[PDB]
Amino acid sequence: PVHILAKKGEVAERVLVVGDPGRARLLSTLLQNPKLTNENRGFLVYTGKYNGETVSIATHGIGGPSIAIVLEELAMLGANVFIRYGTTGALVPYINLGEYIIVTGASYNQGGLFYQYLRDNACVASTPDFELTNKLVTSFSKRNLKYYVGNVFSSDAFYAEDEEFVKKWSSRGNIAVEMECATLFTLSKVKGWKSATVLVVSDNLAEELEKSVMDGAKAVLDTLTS
Amino acid sequence: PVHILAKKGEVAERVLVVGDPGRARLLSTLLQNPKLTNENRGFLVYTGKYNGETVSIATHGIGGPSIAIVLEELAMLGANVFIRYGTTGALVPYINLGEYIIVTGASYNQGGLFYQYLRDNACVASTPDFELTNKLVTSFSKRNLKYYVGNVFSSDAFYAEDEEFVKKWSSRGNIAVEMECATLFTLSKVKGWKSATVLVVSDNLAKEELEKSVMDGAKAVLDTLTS
Amino acid sequence: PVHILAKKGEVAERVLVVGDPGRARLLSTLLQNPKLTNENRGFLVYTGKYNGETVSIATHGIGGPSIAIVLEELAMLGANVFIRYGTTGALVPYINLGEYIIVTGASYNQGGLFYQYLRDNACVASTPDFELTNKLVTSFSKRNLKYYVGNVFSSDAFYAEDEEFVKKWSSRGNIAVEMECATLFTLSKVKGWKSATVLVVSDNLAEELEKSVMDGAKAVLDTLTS
Amino acid sequence: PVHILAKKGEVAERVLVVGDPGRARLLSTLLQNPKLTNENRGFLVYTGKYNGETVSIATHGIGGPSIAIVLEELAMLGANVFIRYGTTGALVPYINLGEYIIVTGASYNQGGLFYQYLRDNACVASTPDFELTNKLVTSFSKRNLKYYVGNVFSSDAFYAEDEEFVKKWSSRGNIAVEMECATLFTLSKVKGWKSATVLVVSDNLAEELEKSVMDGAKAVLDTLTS
Amino acid sequence: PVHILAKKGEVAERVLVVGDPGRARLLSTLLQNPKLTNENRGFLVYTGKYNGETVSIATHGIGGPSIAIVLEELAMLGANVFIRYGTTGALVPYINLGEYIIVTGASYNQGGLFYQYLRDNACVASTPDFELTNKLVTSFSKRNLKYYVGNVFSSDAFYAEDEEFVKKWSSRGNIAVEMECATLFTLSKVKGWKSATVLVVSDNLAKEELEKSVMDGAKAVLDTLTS
Amino acid sequence: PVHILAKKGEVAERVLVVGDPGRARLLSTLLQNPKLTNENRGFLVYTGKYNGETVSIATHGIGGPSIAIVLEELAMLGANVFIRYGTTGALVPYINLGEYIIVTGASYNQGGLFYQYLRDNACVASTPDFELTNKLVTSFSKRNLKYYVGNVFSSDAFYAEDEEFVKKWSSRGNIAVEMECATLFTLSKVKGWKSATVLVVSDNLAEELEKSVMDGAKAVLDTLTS
């Protein structure tokens, strides 16, 4: 690997991936004896223990191309189970800020990265691992956290204008919008990794936040070590 | 409707859909007082009771265009919950004939029917209802039936040649191939219906037996539909 | 064959295909000594004689994927000449219910089945056999039937909405809409089969009907056996 | 019109179009009292009489974009019936040099010009006028000419390489390759013009020629004026 | 070649290409001892000298398919440097009729000719040779001619309707529209030829005069080609 | 802006953008009185003076989606001139490590981000600003640095396999491969910003490095303030 410079044995098989390096550092506090194993290119990676298991928390930056690079290199270092923990904008009225969304699939526009990996324009089912996702639901339910289960649209252009945005994507079965779930799910299916995702609603297109991010992180870490 | 000619209220809200009219007839014997509510164009639809609950068993033919028409017309007659029960060809070697596959998503080639409904070529997530699919897993487990959970490729050309077929679709996360799950899942997401699918493995690309497998799984699906 | 379980020798080289099993059974009364050679999966197939030749009438269901399977299996049993006889909705105001349309070509949205068979998105000319089609015109003339010759749009989504449907397809040279001739024509040109199509107008998007179907069926049978 | 500077009244309703200015000049000798009504940009157009009717012979250059412009301008001047007469390379072994191909449809790769005119990638049936085409068959028969009826592939890249060229297009129902009938047919169906095409085989990818061109030209003129 | 029927060595390595045969003839009078090296199919090609250097002026007709054939055949006859000199319609209001546009790149709709040459739908950068384009800017500046530098949209359908034409292409970084730059640039990149383009503005979508503009710019192009 | 939290007046009109936060910090040393104006999400942005002008050095992360976000927000804060300074893998034999490439255009696979911004699949010319790029050449020439001018392929999948990679892209006129030039150029053309790019060759697919990066940075800063 040329972006994540951690040595083999420094990355755990179980990894919690976040887009914001700042969140990676903040969540490392939930691990026992956390150690920084990479800082190159801003991709902070911490490794420690939790619930009798070794786990790593890694930064993936923003966008499909960026997360694909991080997942590929972490895998080269031993990782094989990834749970995405990010933020999202809800596309439906009833979901409130600070609540969570457990992702069941990802809609996306074809092209670029997908074409290079799949070699044609087939719409391959972009879904998380069945069992891992159910473990997430169980964990969030045990911690009495309010969540919704559903598909999300993985956008590549956060600023491209679309006057029909909310109605378009929500009418297509998506309850939220984010940017890297489709890449995570599809690449994992091709590579044989087990992946899932949970998002914190930080906006609704249709301190309390710190509490939300922290609460959800504990639930994800429980899932990763169960 | 112009294809399904059922009379007012003859169709249940929950429907078990199959591609073979012969299977619809056969499975209708699992229902209490089954009645033939439609026979037009060969699309046999029966309605009766299972565990005290009213349900229908409907024929959808072969292919996306056919199942789309049947789902649209059943919905106009009052249906809003659909569980497809079909046959499939496995794409991986560890799955045996007669076992079952509970579908979690569907891969497909874009264009045609999807372009007309979606209005562009976006790859909209073609997935079943989460809750309903989990209920199916529970039902099959309770009846000690051997199943696998995974995605399938919904093909439009049964006889089209592809020398790299198995490796291509299996390397893409699909464990089996059939022809209408992608249409079922996507149209349901768009129209607001709750759908799911269970398939009986009849071939592995990697009669008494088949009928027994079909009958055993049908009970598990019906349990789910009336739960 | 997996869906049509007729024994080889029971399917004629000349086949009249219809989408409705009910029409197959009704039209079988026009043959001499008809025998049901298949009913599996609802695909009724009858074989008998008409003006000195053996002919089969087969059901193809609805949609490209369905007719493709039926055609491939009938061919594996010995069929090589197909004439589709179905229903259609006119796209132009001057065509009346009960009249006929002899098809000269089919417009279609590419993808799916065409991509699997052609291996790319080329717009292969989807046309019927020239000779067979002219014989159809001659047969319908001889019987004094009212027909029109033109292209049709083979739709894959009967219920999908399009606010400009009639204007769009009629301005693209199509005079009616149906669902399987694009598949019939293209697959035939690829496999080397001789095919054609006649449609009965049952709607105009822009007793008598029973007689319309029967009258045109006789014209089609004369052609198949000419 | 911007490219064809003929004055209105100088272009006939019936037009024989050829790609080579030189063939336009040569074939003008078959008309009575021919007059050059345009030479701008090399697009020679001649107008005269033949068996009681006024007819024009026009040059269309090479390629879809070129013929599209010429057709649009000839139409703005009063033309509404077009018959292309060009050269082609056979894709099947039994067709010999000097023989003719009466075109029934055109296969093409979508995009560019078709996207600009149709507004999306729909595979609109690219076929000639049914009546006009049958009249061509009759005319060529009467003159005892050797012809074949079939589809052709309208290529946009004469020199692009394709190791499977002949096998691919011949297996797709095409018996010859040319460059502008897909444009001719589709644009005609959209604009409401009546069009057809006959080609002289000058190569087989799978004195005498001068006479072949002249013989078929007479057949085409009889059709245009029938 | 089967379209350009020139005899051995009658075509120069450097060629000024134009779409109008009439312009080729007219500009040939700027050359020392001009000779007509081809007239087949109307594609007039002349060869002569300019500033002691041998050069050719060739006709390419209209559209990508036509210019591709002509460029391929000229290259088979020894040409490897091409500068297109055509006419264009401006897409922005500040450019006046008779002024010039030195092209830096070409926008285009995919498919057809590009698919056959590139073998897929990748958007390969359709740009001219950097060095040659800079030489054109210098040449035009030396002759005090009014020019603008920018990208153009290479259209395949002159008469196809588009109610949002000007705003669409101008908002996409294009300052003018014509029909064969995309083909010229892309084919040249693939075949190893050095190409560039200069256009005379004959219309703004936002005879004596035109001929003068055409003549003045032709000298600047010829200076560049023989530099 | 929600990713780059710098206040208006804290970002200069002229910006040098790099993918690696580490390079942003290292190059800030070349500015007079540099100040850190943003660190949120790891997107380090420094602002200072150079050659009598105010300039900013900003981090854009990896990939089209990531750089699009950074450019959009910097623009919202006043930036309008951007020069990309990154690393690349050469696709041609003759270019050596440590040397530079001044980009004249970017090839790319359509889809995702481009579709969302352009609203269809047109291949819009992805080129840098003419004048700015020439200023770069002048600046690199004045500092006696070895550079090559040419197009690059902007890949979205750094790890997707392609056995024909080098020959494919180099035969298409690209001399190097990177990941965000196409997004930079195209978005700038749409938004009206002036952009350019120079890359340091760090690999050839067909301390000394520190020196190369530093030398090139001075040349880019000269260009930005000229």
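For clarity, chains are labelled A, B, C, D, E and F in written order, and residue numbers in each chain start from 1.
As a working rule, a contact is a pair of C-beta atoms (placed from the backbone, for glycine too) under 8 Å apart; a residue touches a chain by one contact, two chains touch by 3 or more.
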Any chance you could check whether B-C or A-B wins on number of contacting C-beta pairs?
B-C
Once you find the CA centre of chain D and the CA centre of chain E, what distance in Å lies between them?
28
In whole angstrom, how far does the Cα centroid of chain A sit from the Cα centroid of chain B?
31
Two or more other chains in contact with one residue: find those residues in chain E.
108-110, 114
Cyclic chain order - from chain D, heading first toward chain E
D, E, F, A, B, C
Across the complex, what residues on chain B touch chain A?
104-110, 114, 118, 121-127, 130-131, 134, 149-151, 171-174, 189-190
List the residues on chain E that touch chain D in their complex, please.
3, 19-22, 40-42, 44, 59, 61-66, 68-69, 72, 108-117, 155-160, 162, 179
